[PDB]
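Chemist: My file is protein_4.pdb. It has PDB, C-alpha atoms and all ligand atoms:
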MODEL        1
ATOM      1  CA  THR P 186       4.363 -17.260  -7.316
ATOM      2  CA  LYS P 187       0.636 -16.695  -6.864
ATOM      3  CA  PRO P 188      -1.626 -19.705  -6.232
ATOM      4  CA  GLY P 189      -3.677 -20.271  -9.386
ATOM      5  CA  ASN P 190      -7.154 -19.777  -7.967
ATOM      6  CA  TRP P 191      -6.481 -16.554  -5.986
ATOM      7  CA  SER P 192      -8.344 -13.398  -7.038
ATOM      8  CA  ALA P 193      -7.133  -9.952  -5.897
ATOM      9  CA  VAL P 194      -9.890  -8.052  -4.067
ATOM     10  CA  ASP P 195     -10.817  -4.650  -5.585
ATOM     11  CA  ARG P 196      -9.475  -1.979  -3.212
ATOM     12  CA  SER P 197     -11.022   1.280  -4.451
ATOM     13  CA  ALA P 198     -13.611   1.447  -1.654
ATOM     14  CA  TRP P 199     -11.267   0.319   1.105
ATOM     15  CA  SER P 200     -10.710   2.661   4.045
ATOM     16  CA  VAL P 201      -7.073   2.370   5.093
ATOM     17  CA  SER P 202      -4.934   3.602   8.000
ATOM     18  CA  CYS P 203      -1.551   2.954   9.639
ATOM     19  CA  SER P 204       0.414   3.404  12.838
ATOM     20  CA  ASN P 205       2.468   6.369  11.599
ATOM     21  CA  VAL P 206       3.381   8.054   8.324
ATOM     22  CA  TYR P 207       7.095   8.544   7.772
ATOM     23  CA  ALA P 208       8.121  12.220   8.103
ATOM     24  CA  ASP P 209       4.453  12.950   8.792
ATOM     25  CA  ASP P 210       4.233  13.195   5.009
ATOM     26  CA  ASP P 211       0.835  11.667   4.181
ATOM     27  CA  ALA P 212       0.915  12.519   0.463
ATOM     28  CA  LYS P 213       4.321  10.873   0.062
ATOM     29  CA  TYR P 214       4.271   7.886   2.447
ATOM     30  CA  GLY P 215       0.622   7.502   3.502
ATOM     31  CA  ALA P 216      -1.334   4.271   3.982
ATOM     32  CA  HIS P 217      -3.379   4.718   0.790
ATOM     33  CA  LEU P 218      -0.209   4.579  -1.293
ATOM     34  CA  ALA P 219       0.012   0.858  -0.485
ATOM     35  CA  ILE P 220      -3.209   0.180  -2.440
ATOM     36  CA  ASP P 221      -3.004   2.490  -5.478
ATOM     37  CA  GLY P 222      -1.646  -0.051  -7.972
ATOM     38  CA  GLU P 223       1.734   1.661  -8.373
ATOM     39  CA  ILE P 224       5.087   0.104  -7.386
ATOM     40  CA  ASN P 225       6.786   3.488  -7.123
ATOM     41  CA  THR P 226       4.534   4.893  -4.421
ATOM     42  CA  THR P 227       4.771   3.321  -1.016
ATOM     43  CA  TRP P 228       3.561   3.278   2.540
ATOM     44  CA  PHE P 229       6.591   3.791   4.770
ATOM     45  CA  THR P 230       6.897   4.220   8.503
ATOM     46  CA  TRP P 231       8.843   3.784  11.728
ATOM     47  CA  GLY P 232       9.399   0.176  12.820
ATOM     48  CA  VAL P 233       8.326  -1.171  16.225
ATOM     49  CA  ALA P 234      11.688  -0.453  17.855
ATOM     50  CA  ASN P 235      11.462   3.282  17.325
ATOM     51  CA  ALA P 236       7.773   4.156  17.437
ATOM     52  CA  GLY P 237       6.659   1.274  19.655
ATOM     53  CA  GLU P 238       4.261  -0.045  17.039
ATOM     54  CA  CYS P 239       4.153  -0.602  13.289
ATOM     55  CA  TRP P 240       1.035  -1.574  11.361
ATOM     56  CA  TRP P 241      -1.203  -1.062   8.327
ATOM     57  CA  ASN P 242      -4.975  -1.561   8.411
ATOM     58  CA  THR P 243      -7.889  -1.722   5.986
ATOM     59  CA  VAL P 244     -11.639  -1.620   6.502
ATOM     60  CA  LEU P 245     -13.029  -3.585   3.556
ATOM     61  CA  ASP P 246     -16.283  -2.283   2.087
ATOM     62  CA  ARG P 247     -17.211  -5.830   1.002
ATOM     63  CA  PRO P 248     -16.116  -8.546   3.444
ATOM     64  CA  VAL P 249     -14.304 -11.483   1.888
ATOM     65  CA  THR P 250     -13.419 -15.054   2.593
ATOM     66  CA  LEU P 251      -9.704 -14.288   2.898
ATOM     67  CA  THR P 252      -7.380 -16.827   1.259
ATOM     68  CA  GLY P 253      -4.144 -14.890   1.688
ATOM     69  CA  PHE P 254      -2.395 -11.616   1.008
ATOM     70  CA  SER P 255       0.653 -10.288  -0.798
ATOM     71  CA  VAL P 256       3.152  -7.497  -0.299
ATOM     72  CA  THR P 257       5.932  -5.989  -2.446
ATOM     73  CA  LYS P 258       9.132  -4.142  -1.627
ATOM     74  CA  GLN P 259       8.713  -0.624  -0.308
ATOM     75  CA  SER P 260      10.164   1.891  -2.759
ATOM     76  CA  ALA P 261      11.051   4.801  -0.470
ATOM     77  CA  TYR P 262      14.511   3.690   0.614
ATOM     78  CA  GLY P 263      17.009   0.841   0.406
ATOM     79  CA  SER P 264      15.942  -2.795   0.304
ATOM     80  CA  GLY P 265      17.209  -3.303   3.834
ATOM     81  CA  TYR P 266      13.873  -1.746   4.867
ATOM     82  CA  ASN P 267      11.641  -4.146   2.936
ATOM     83  CA  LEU P 268       9.270  -6.147   5.176
ATOM     84  CA  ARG P 269      10.875  -9.248   6.697
ATOM     85  CA  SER P 270       8.263 -10.629   9.120
ATOM     86  CA  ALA P 271       4.690  -9.787  10.110
ATOM     87  CA  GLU P 272       1.695 -10.892  12.094
ATOM     88  CA  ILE P 273      -1.909 -10.637  10.872
ATOM     89  CA  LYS P 274      -5.149  -9.815  12.702
ATOM     90  CA  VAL P 275      -8.629  -9.758  11.154
ATOM     91  CA  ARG P 276     -12.084  -8.788  12.374
ATOM     92  CA  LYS P 277     -15.089 -10.593  10.934
ATOM     93  CA  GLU P 278     -18.178  -8.632   9.897
ATOM     94  CA  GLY P 279     -20.546  -7.990  12.793
ATOM     95  CA  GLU P 280     -17.849  -8.804  15.347
ATOM     96  CA  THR P 281     -16.174  -6.390  17.758
ATOM     97  CA  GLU P 282     -13.459  -8.792  18.809
ATOM     98  CA  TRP P 283     -10.392  -9.378  16.641
ATOM     99  CA  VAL P 284      -8.905 -12.739  15.752
ATOM    100  CA  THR P 285      -5.138 -13.209  15.434
ATOM    101  CA  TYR P 286      -3.724 -15.503  12.763
ATOM    102  CA  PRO P 287      -1.416 -17.711  14.862
ATOM    103  CA  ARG P 288       1.567 -17.857  12.457
ATOM    104  CA  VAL P 289       4.329 -15.311  11.915
ATOM    105  CA  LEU P 290       4.589 -14.662   8.163
ATOM    106  CA  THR P 291       8.181 -14.389   6.883
ATOM    107  CA  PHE P 292       9.314 -12.940   3.553
ATOM    108  CA  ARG P 293      12.482 -13.454   1.516
ATOM    109  CA  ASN P 294      14.373 -10.817  -0.435
ATOM    110  CA  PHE P 295      12.007  -9.239  -2.929
ATOM    111  CA  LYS P 296      12.720  -9.424  -6.659
ATOM    112  CA  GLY P 297      12.113  -6.125  -8.440
ATOM    113  CA  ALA P 298       8.382  -5.352  -8.327
ATOM    114  CA  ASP P 299       7.315  -8.966  -7.753
ATOM    115  CA  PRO P 300       5.007  -9.593  -4.759
ATOM    116  CA  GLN P 301       5.357 -12.468  -2.321
ATOM    117  CA  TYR P 302       2.232 -14.317  -1.291
ATOM    118  CA  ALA P 303       1.248 -15.413   2.187
ATOM    119  CA  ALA P 304      -1.515 -18.011   2.406
ATOM    120  CA  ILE P 305      -4.292 -17.803   4.994
ATOM    121  CA  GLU P 306      -5.363 -21.342   5.784
ATOM    122  CA  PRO P 307      -8.096 -22.281   5.813
ATOM    123  CA  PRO P 308      -9.498 -19.101   4.257
ATOM    124  CA  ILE P 309     -11.179 -16.824   6.818
ATOM    125  CA  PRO P 310     -14.838 -16.084   5.942
ATOM    126  CA  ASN P 311     -16.422 -12.608   6.324
ATOM    127  CA  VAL P 312     -13.267 -10.577   6.974
ATOM    128  CA  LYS P 313     -14.437  -6.952   7.351
ATOM    129  CA  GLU P 314     -11.189  -5.487   8.713
ATOM    130  CA  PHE P 315      -7.549  -6.590   8.162
ATOM    131  CA  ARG P 316      -4.437  -5.463  10.046
ATOM    132  CA  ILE P 317      -0.810  -6.329   9.430
ATOM    133  CA  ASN P 318       1.537  -5.787  12.393
ATOM    134  CA  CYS P 319       5.046  -5.503  10.942
ATOM    135  CA  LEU P 320       7.612  -7.160  13.193
ATOM    136  CA  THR P 321      10.890  -6.788  11.304
ATOM    137  CA  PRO P 322      12.726  -4.847  10.307
ATOM    138  CA  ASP P 323      12.070  -2.929  13.549
ATOM    139  CA  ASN P 324      13.708   0.365  12.617
ATOM    140  CA  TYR P 325      11.856   1.368   9.440
ATOM    141  CA  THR P 326       9.721  -0.540   6.953
ATOM    142  CA  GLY P 327       6.676  -0.416   4.669
ATOM    143  CA  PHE P 328       5.450  -1.714   1.320
ATOM    144  CA  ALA P 329       4.475  -0.311  -2.056
ATOM    145  CA  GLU P 330       1.597  -2.625  -2.807
ATOM    146  CA  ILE P 331      -0.499  -4.896  -0.639
ATOM    147  CA  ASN P 332      -3.357  -7.068  -1.878
ATOM    148  CA  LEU P 333      -5.869  -9.401  -0.296
ATOM    149  CA  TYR P 334      -7.126 -12.491  -2.143
ATOM    150  CA  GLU P 335     -10.284 -14.576  -2.316
ATOM    151  CA  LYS P 336     -11.104 -17.768  -4.242
ATOM    152  CA  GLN P 337     -12.437 -17.238  -7.740
ATOM    153  CA  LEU P 338     -15.497 -19.139  -8.856
TER
HETATM  154 CA    CA Z 401       1.796   1.927  -4.357
ENDMDL
END
Here is the file; what I need is its structure written in the form of structure tokens.
Modeler:
Amino acid sequence: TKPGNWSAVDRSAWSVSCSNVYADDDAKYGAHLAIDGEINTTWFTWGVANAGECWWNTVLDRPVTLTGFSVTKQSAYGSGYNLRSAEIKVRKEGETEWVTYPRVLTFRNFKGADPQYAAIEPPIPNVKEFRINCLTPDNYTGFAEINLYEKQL
């Protein structure tokens, strides 16, 4: 379900963080587990209703012209905690102010390990930092793999 010309951005030099780590167990549910390439490890946290906020953030080492992103199920608990809706903010390189993407992104029921793709239109040039504020579910949520995409040559 991935647009043909999207290229996943290499994540190994990303610096990632999140609002909270479920059970304060960083090794088991920490932010970095969302970008390790493995469906069976996941970021997982309290939703906005409990903890007041719910988000995952990455500082990119190489800024990109962002064409979209993708998320999978979380694999910590039942599918009723998979991400349902989110809002995105980015910060462009050299800027101290953040820009909000003005559309709520909504996801359907995930199928196995398959990601769902959310387009960023038009692509946003020079994204240095990316945050996803998870709106629902508001009790608990997370995701096992997130990727950001840029246009291939
Ligand atoms: Ca993972």
Chemist: What's around region 289-294 of chain P at 6 Å? Count only C-alpha atoms, leave out sequence neighbours fewer than 5 positions away in its own chain, and write the answer as a ChimeraX atom specification.
Modeler: /P:269-272
Chemist: Export C-alpha atoms of the chosen residues as a PDB file, in the frame of the given file?
Modeler:
ATOM      1  CA  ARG P 269      10.875  -9.248   6.697  1.00  0.00           C
ATOM      2  CA  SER P 270       8.263 -10.629   9.120  1.00  0.00           C
ATOM      3  CA  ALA P 271       4.690  -9.787  10.110  1.00  0.00           C
ATOM      4  CA  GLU P 272       1.695 -10.892  12.094  1.00  0.00           C
TER       5      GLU P 272
END
Chemist: Once you count all atoms listed in the file, what closest atom pair and distance in Å to one decimal does each residue of chain P within 10 Å of ligand CA 401 (chain Z) have, with rows by chain and rising residue number, as CSV?
Modeler:
residue,atom,partner,partner_atom,distance
P:214,CA,Z:CA401,CA,9.4
P:215,CA,Z:CA401,CA,9.7
P:216,CA,Z:CA401,CA,9.2
P:217,CA,Z:CA401,CA,7.8
P:218,CA,Z:CA401,CA,4.5
P:219,CA,Z:CA401,CA,4.4
P:220,CA,Z:CA401,CA,5.6
P:221,CA,Z:CA401,CA,5.0
P:222,CA,Z:CA401,CA,5.4
P:223,CA,Z:CA401,CA,4.0
P:224,CA,Z:CA401,CA,4.8
P:225,CA,Z:CA401,CA,5.9
P:226,CA,Z:CA401,CA,4.0
P:227,CA,Z:CA401,CA,4.7
P:228,CA,Z:CA401,CA,7.2
P:257,CA,Z:CA401,CA,9.1
P:258,CA,Z:CA401,CA,9.9
P:259,CA,Z:CA401,CA,8.4
P:260,CA,Z:CA401,CA,8.5
P:328,CA,Z:CA401,CA,7.7
P:329,CA,Z:CA401,CA,4.2
P:330,CA,Z:CA401,CA,4.8
P:331,CA,Z:CA401,CA,8.1
Chemist: Would you work out the distance separating CA of residue 199 (chain P) from CA of residue 245 (chain P), expressed in Å to one decimal?
Modeler: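 The value is 4.9 Å.
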Chemist: Taking 5 positions as the minimum chain separation for residues in the same chain, which residues sit within 12 Å of residue 234 (chain P) when counting all atoms listed in the file? Answer as a ChimeraX atom specification.
Modeler: /P:239,319-326
Chemist: When distances are computed from all atoms listed in the file, which of P:201, P:249, P:268, P:261 shows the smallest separation from residue 213 (chain P)?
Modeler: P:261
Chemist: Got a sec: who's within 8 Å of residue 314 (chain P), counting only C-alpha atoms, leaving out chain neighbours fewer than 5 positions off, as a PyMOL selection string?
Modeler: chain P and resi 242-245+248+275-278
Chemist: Take the selection from the previous step and output its residues with C-alpha atoms, as a compact mmCIF listing (two decimals), in the frame of the given file.
Modeler:
# COMPACT_ATOMS: atom_id res chain seq x y z
CA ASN P 242 -4.97 -1.56 8.41
CA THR P 243 -7.89 -1.72 5.99
CA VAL P 244 -11.64 -1.62 6.50
CA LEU P 245 -13.03 -3.58 3.56
CA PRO P 248 -16.12 -8.55 3.44
CA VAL P 275 -8.63 -9.76 11.15
CA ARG P 276 -12.08 -8.79 12.37
CA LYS P 277 -15.09 -10.59 10.93
CA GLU P 278 -18.18 -8.63 9.90
Chemist: If the PyMOL selection byres (((chain P and resi 191) around 8) and not hetatm) is run on the structure shown, which residues does it catch, given as a list in words?
Modeler: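 So the PyMOL selection byres (((chain P and resi 191) around 8) and not hetatm) ends up selecting residues 187, 188, 189, 190, 192, 193, 252, 334, 335, 336 and 337 of chain P.
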Chemist: Do you have the CA of residue 203 (chain P)-CA of residue 301 (chain P) distance handy?
Modeler: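 Atom-to-atom, CA of residue 203 (chain P) and CA of residue 301 (chain P) are spaced 20.7 Å apart.
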Chemist: If I take CA of residue 304 (chain P) and CA of residue 251 (chain P), how far is one from the other in Å, to one decimal?
Modeler: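 That distance, rounded to one decimal, is 9.0 Å.
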Chemist: Using only C-alpha atoms, pick whichever of P:288, P:241, P:302, P:327 has the shortest atom-to-atom distance to residue 255 (chain P).
Modeler: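 Looking at the shortest contact to residue 255 (chain P), the residue is P:302.
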Chemist: Report as JSON, numbers by chain the residues that result from applying the PyMOL selection byres (((chain P and resi 274) around 6) and not hetatm) to the structure here.
Modeler: {"P": [273, 275, 284, 285, 286, 316]}
Chemist: Given all atoms listed in the file as the basis, pick out the residue of P:194, P:262, P:332, P:210 nearest to residue 303 (chain P).
Modeler: P:332
